[PDB]
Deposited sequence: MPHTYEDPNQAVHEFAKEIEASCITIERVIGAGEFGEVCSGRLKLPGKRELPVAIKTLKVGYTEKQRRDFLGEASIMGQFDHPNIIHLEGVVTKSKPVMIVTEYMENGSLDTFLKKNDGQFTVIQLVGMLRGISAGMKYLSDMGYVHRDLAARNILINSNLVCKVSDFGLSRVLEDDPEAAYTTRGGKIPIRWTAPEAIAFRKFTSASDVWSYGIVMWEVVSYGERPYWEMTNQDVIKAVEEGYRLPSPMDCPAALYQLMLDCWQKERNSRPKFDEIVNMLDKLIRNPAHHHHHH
């Protein structure tokens, strides 16, 4: 079933370089993938820990069959899976700089507006593509965005990704909701759409420009729900262009139909990158 969207990789082609983390289903590793005719490719390897439940196997490999459906430079690329032997692996591209929120915290105030808008343009490009493909991410946050050595940002973590149902275009939950990133109608009614992903994306915009501030700081989950419901919105980060902050507000429209489409976001961001007013340096 995962084989319809993922290539089976001969185990001998993977060598594990280092263990770099632990996910829900076991270790995450940096490794090398050797394909015929080329240099070893650096890869991220998710391993299914020994003694897993069979439900855990389905759900682990579940993400891989979601990933394998996408082919886009701002979505983490699947190299394939190992299923014919133990341990069971999912092999993705390697992102040198890890999570976006962490990366920006180490580099507080280090980027230009163009550099940061550039990151946000990449993220919205991948989301646009996801939207088009009939998926809702549901878990869009800076901490679920990965960034490479060229500062290219990619959507990652498709544990909560679901396929949109054919209606007047939503998924309804069955509840591991990240509240401060979530659109109000998704919180209240548990109705998830590309437009709730745009709300989350507004949050990501604010995190990126803030260099990895927690949205709403020490506010409790109840504090946030009530605040947003009342009309409160996060204030403008330091050194944020007015038009960027206004795009954030646009994403945070209470009525989802009023948020811009991802394609609209990408176009607005391209316009900023192409506007010399936003370039601190002209030589």
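What are the C-alpha gaps when you align the coordinates back onto the deposited sequence?
Comparing the full sequence with the modelled residues, the uncovered ranges come out as 1-10, 179, 186.
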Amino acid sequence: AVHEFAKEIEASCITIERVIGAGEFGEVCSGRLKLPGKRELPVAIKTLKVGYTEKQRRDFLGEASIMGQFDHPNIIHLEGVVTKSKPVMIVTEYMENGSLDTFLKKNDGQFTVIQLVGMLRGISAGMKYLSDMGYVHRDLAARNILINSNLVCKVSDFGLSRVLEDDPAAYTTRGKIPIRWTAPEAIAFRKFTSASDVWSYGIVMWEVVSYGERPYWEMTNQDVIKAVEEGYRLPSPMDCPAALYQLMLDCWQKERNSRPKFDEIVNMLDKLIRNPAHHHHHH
From here on, numbers count along this sequence of modelled residues.
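Got a sec? Mean C-alpha B-factor, which is higher, 218-226 or 23-31?
For C-alpha atoms only, the mean B-factor is higher in 23-31.
Higher average CA B factor in the deposited record is what I'm after, so tell me if that's 9-17 or 259-267.
The stretch with the larger mean CA B-factor is 9-17.
Which one of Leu41, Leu61, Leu244, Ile45 shows the top CA temperature factor in the record?
Answer for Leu41, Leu61, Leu244, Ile45: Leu61, with the highest C-alpha B-factor.
Tell me which of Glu93, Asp139, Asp167, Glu207 tops the list for C-alpha B factor in the record.
Result of the comparison over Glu93, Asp139, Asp167, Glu207: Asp167.
By the recorded C-alpha temperature factor, relative to the other modelled residues in its chain, which third is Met248 in?
Within its chain, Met248 is a lowest-third residue by C-alpha B-factor, going by the deposited values.
What third of its chain's C-alpha B-factors does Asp157 belong to: lowest, middle or highest?
Highest third.
Comparing against every modelled residue in the chain, figure out the third that the C-alpha B-factor of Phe111 lands in (lowest, middle or highest).
It belongs to the middle third of the chain when residues are ordered by C-alpha B-factor.
Tell me, lowest, middle or highest third: where does the Cα B factor of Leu104 rank within its chain?
Its C-alpha B-factor, which the entry lists for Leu104, ranks in the middle third among residues of this chain.
Lowest, middle or highest third: which one holds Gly175 when the chain's residues are ordered by CA B-factor from the entry?
Top third by C-alpha B-factor.
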